[PDB]
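Okay, so here's just one chain, in structure tokens, the form deposited without the ligand.
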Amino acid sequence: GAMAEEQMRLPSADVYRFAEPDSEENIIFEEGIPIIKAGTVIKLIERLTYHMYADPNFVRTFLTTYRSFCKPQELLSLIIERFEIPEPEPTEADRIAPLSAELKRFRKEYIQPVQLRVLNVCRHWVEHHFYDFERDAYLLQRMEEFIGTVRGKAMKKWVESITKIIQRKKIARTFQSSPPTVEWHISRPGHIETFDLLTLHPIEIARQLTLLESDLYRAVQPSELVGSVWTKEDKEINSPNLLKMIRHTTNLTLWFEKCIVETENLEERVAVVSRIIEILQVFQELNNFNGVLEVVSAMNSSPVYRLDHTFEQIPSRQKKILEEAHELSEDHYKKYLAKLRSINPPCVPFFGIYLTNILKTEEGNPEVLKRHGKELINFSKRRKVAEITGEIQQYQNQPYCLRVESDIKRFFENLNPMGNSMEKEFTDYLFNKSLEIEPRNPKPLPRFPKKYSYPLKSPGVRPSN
């Protein structure tokens, strides 16, 4: 009948694997274009390059998330296999001569569509995920060999499009208004040896940290966050921008804490804490939420939070600024999310919430769905992770109208509060320091000598003008 003639126009299973019929043990749909919930890798590949229509949302999401279920080498082999569609046997009259009625139909309404879909996938792959090819030379060699063997009229427009992108990527390996004057306090321009928390201008500390954190945020690719690859063995290769962002947050947070608890003299320590709150204030003015929450993290850390004698001397206005910042996180980040959505560019989003929500998604949904004793890759799980990475991306084109100061930038890039200590070791030391500088009751509060020989008064956070 009509379904048999439809199916038998497609190639048989013993000569092509991507044309078995859809069923409940190779593909499930979640509910226009149908949105795939789960399927076998062969079925995903089929739909990724489906003949009947374009599916830009599925291509995008697949190429973002596929490494969580299929290696790049495997994916390339599977799309090349998908591309090499066999033609059916001829009829008796054609064999003798050729009319080729059904064969010419098959080329037009199946082979050519599917092949154009494969090239589209190849183009999206090299354009948006070239890193796969940077990390694997043989993969690139295979792609270029494949693309250079593609023949036909329709193809050359694609083959030239793809080849130009590849060459572009091999070769690939400002201010709209006046930025404000760079601010200085005690440390003079160029006197890098005296650069420190209290000697640089707090306005400029916040500005330069904001530029640095903006660039780090903007560099994170979505695939660095898929399948929790940043917590796995090849993290340094798969998640290098992500790791740089996380490492910066750790180092800055711990450096704030170190600055505080290593200032043993009470009065000086109050000046340190106060200065850090002023930096938070400028982060808030810049909508660098990432920076705001780094300060909140340090202030709420075990070593710092317990310093009641220090916080007692912090003016009420600064306590209130710090409290409002901590409030951002309360009730599953309700105030933070509302604020993030209400502002205009530029901003730096709080990065940690993405990591937290991605990990909850990874840990809370199964890798596969089981139907009829068969395992289907859970694609909705990948799509949810991709949607969270999509939120990240929507804030990645927001440059600040701030001038870089190269020496201050370098100072923050090179922070290493931990030295040669492991983190746990260092945070235990911070807490023991906290105990030394403000002992638990009923132990008396000792006095400690001053360590700073320059004035402690802040220049404030109002810029010159």
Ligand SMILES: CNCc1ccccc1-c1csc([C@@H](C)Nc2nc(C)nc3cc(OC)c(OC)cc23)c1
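When you see a residue number, it is the position in the sequence shown, counting from 1. Shifts are known only where both forms have a C-alpha. Take the two forms, find the largest set of C-alpha atoms that superpose within 1.5 Å, and that set is the rigid core.
Student: Quick one: is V220 left out in at least a third of the other entries we compared?
Tutor: No, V220 is modelled in every other compared entry.
Student: Do at least a third of the other entries of this protein fail to model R95?
Tutor: Across the other compared entries, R95 is absent from at least a third.
Student: Do any residues of the deposited sequence lie unmodelled between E31 and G32, and which range holds their number: none, 1 to 3, 4 to 9, or 10 or more?
Tutor: Missing residues, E31 to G32: 4 to 9.
Student: Might you work out how many residues are unmodelled in the deposited sequence between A97 and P98, and answer none, 1 to 3, 4 to 9, or 10 or more?
Tutor: Per the record, 4 to 9 deposited residues are absent between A97 and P98.
Student: Between 132-140 and 290-298, which has the larger average Cα B-factor in the PDB entry?
Tutor: The stretch with the larger mean CA B-factor is 132-140.
Student: Highest mean C-alpha temperature factor of the two stretches 247-255 and 329-337, which is it?
Tutor: That would be 329-337.
Student: Kindly indicate the residue among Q176, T389, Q318, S187 with the greatest C-alpha B-factor in the PDB record.
Tutor: Going by the entry's C-alpha B-factors, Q176 comes out highest.
Student: Per the entry's Cα B factor values, which of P442, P455, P449, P446 stands out as the maximum?
Tutor: Reading the PDB entry, the winner on C-alpha B-factor is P442.
Student: Looking at the C-alpha B-factor of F146, is it in the lowest, middle or highest third of its chain?
Tutor: CA B-factor rank for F146: highest third.
Student: Would you mind checking where the Cα B-factor of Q394 ranks among the modelled residues of its chain, as the lowest, middle or highest third?
Tutor: Within its chain, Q394 is a middle-third residue by C-alpha B-factor, going by the deposited values.
Student: Quick check for you: using the entry's CA B-factors within this chain, is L430 in the lowest, middle or highest third?
Tutor: Bottom third by C-alpha B-factor.
Student: Per the entry's values, where does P88 land by CA temperature factor relative to the rest of its chain, in the lowest, middle or highest third?
Tutor: According to the entry, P88 has a C-alpha B-factor in the chain's highest third.
Student: Comparing against every modelled residue in the chain, figure out the third that the C-alpha B-factor of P303 lands in (lowest, middle or highest).
Tutor: Lowest third - that is where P303 ends up once the chain's C-alpha B-factors are sorted.
The same protein also exists as the form solved in complex with the ligand; that form is not shown, yet it is the one meant from here on.
Student: Please run the contact check for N300 against the ligand in the bound PDB entry: heavy atoms, 4.5 angstroms, yes or no?
Tutor: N300: contacts the ligand in the bound PDB entry.
Student: Is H326 part of the interface with the ligand in the bound PDB entry - any heavy atom within 4.5 Å?
Tutor: Flag for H326 set to yes.
Student: Would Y354 count as touching the ligand in the bound PDB entry under a 4.5 Å heavy atom rule?
Tutor: No, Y354 stays farther than 4.5 Å from the ligand in the bound PDB entry.
Student: At the 4.5 Å heavy atom threshold, is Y131 in contact with the ligand in the bound PDB entry?
Tutor: Heavy-atom contact with the ligand at 4.5 Å: absent for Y131.
Student: Where, among 291-299, 196-204, 346-354, 361-369, do residues come within 4.5 Å of the ligand in the bound PDB entry by heavy atom distance?
Tutor: Contact criterion met by 291-299 only.
Student: Give me the residue from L322, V118, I85, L212 that has a heavy atom within 4.5 Å of the ligand in the bound PDB entry.
Tutor: In short, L322.
Student: Which residue, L216, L340, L76, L307, has a heavy atom that falls within 4.5 Å of the ligand in the bound PDB entry?
Tutor: Contact residue from the list: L307.
Student: After fitting on the rigid core, list every run of 3 or more consecutive residues where each C-alpha shifts 2 Å or more between the shown form and the other one, in sequence order.
Tutor: In sequence order there is one run that relocates between the shown form and the other one, which is 92-97.
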